[PDB]
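>>> Give me coordinates for this.
(chains A and B)
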Number of protein chains: 2
Amino acid sequence: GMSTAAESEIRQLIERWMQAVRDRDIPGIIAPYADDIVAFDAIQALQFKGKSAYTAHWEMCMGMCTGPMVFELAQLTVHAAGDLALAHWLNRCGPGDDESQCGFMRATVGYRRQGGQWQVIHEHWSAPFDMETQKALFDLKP
Amino acid sequence: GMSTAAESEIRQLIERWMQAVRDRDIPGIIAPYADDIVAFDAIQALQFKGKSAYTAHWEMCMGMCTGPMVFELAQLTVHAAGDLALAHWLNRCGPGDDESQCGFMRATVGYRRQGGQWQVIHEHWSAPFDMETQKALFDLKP
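Numbers count the residues shown, from 1 in each chain, chains lettered A, B, ... in the order given. Below you will find the coordinate block:
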């Protein structure tokens, strides 16, 4: 079954990674990423393939938001067995200056134990949209 | 490391499940779902929790699209180790009558081996959106 030691390690990886995002610390954001990470981000493109391309995307995103930021999580679920792990959570984000602009997105992350370390091999970030308006829904409750 | 036998089983589960969706076969859609499945769907709500609630959502979605359908996949990646598995793929969908309405979404699925069977414990479906327009982007290439 599941490994509580691995799940504890994944939870700590997530804590430091979230903190890196809030600190705008790019080296900390990408440190746990596998070289062949595949990421589905919430915006702009269908996917990013490989750490170099996804780094370039993070660098662009980072430079393009001045001011304070909300980046916090709710309903974290973590499962880990052997060399594979999965986590998912709801992620509140937006401008720390204005909470009228701060909503929930969804997150899923896949991890693999390699070189004696857990690395992120996959991320999927998104907002749901409305069928009729085809607009992203940002004001929804968990 | 990874189990090729488990990954072969997960690939077959995915093949039959996709077919169930195209056949509008609700019993086949939900058959592999764990009772406590957590799903982030592409539309309408942040999340659905539990098989009963997610079944109700599938039933509503299903009844509300007449006509033929595209539901096919590209770039399937599957990893499995012990009692946990992860898959992700790009999913082309839309009206089979009109290909002007047929685009790519992203899919991530988490699986767990329990009761001697693989069950789906998590799904995340989405489209990316545009920052400026906040509209879902449906015409993007893989």
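>>> Which parts of chain A are strands?
A:33-40, A:48-49, A:69-81, A:84-95, A:103-114, A:117-126 (DSSP state E).
>>> strands paired with the shortest one, and their directions?
Same thing as strand A:48-49. Partners of strand A:48-49 in the sheet, by DSSP bridges, are strand A:33-40 (antiparallel).
>>> unless I'm mixing things up, residue A:72 is touching residue A:91, no?
Yes. In this structure residue A:72 lies within contact range of residue A:91 using Cβ atoms under 8 Å: 7.4 Å. C-beta here means a position set from N, CA and C on the backbone, and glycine is covered the same way.
>>> Can you spell out which helices and strands pack onto the top helix by length along chain A?
Longest helix of chain A, by residue count under DSSP state H: helix A:4-22. On a contact count with 3 or more Cβ pairs under 8 Å, 6 or more residues apart in numbering or on different chains; DSSP states H and E, helix A:4-22 meets helix A:26-30, strand A:69-81, strand A:84-95, strand A:103-114, strand A:117-126.
>>> CSV for the ones you listed, including distance to chain B?
Compiled in CSV, those are given as follows (distance: least, Cβ to the nearest Cβ, whole Å):
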stretch, distance to chain B
helix A:26-30, 19
strand A:69-81, 4
strand A:84-95, 4
strand A:103-114, 4
strand A:117-126, 3
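>>> Contacts only, for residue A:112.
Going by Cβ atoms under 8 Å, 6 or more residues apart in numbering or on different chains, residue A:112 touches A:34, A:83, A:84, A:85, A:118, A:119, A:121, B:79.
>>> let's go with 10 Å and repeat that
A:34, A:36, A:82-85, A:118-122, B:1-2, B:79, B:81, B:86 (Cβ atoms under 10 Å, 6 or more residues apart in numbering or on different chains).
>>> Out of those, which end up buried?
The neighbour-count test (16 or more other Cβ atoms under 10 Å in any protein chain shown) applied to the contacts of residue A:112 identifies A:34, A:82-85, A:118-122, B:2, B:79, B:81, B:86 as buried.
>>> List just the nearest of those residues to residue A:65.
Nearest to residue A:65 out of the buried ones among the contacts of residue A:112 is residue A:120 (Cβ to Cβ; 21.9 Å).
>>> Quick check: bridge partners of that closest one?
Beta-bridge partners recorded for residue A:120 (DSSP bridges): residue A:33, residue A:111.
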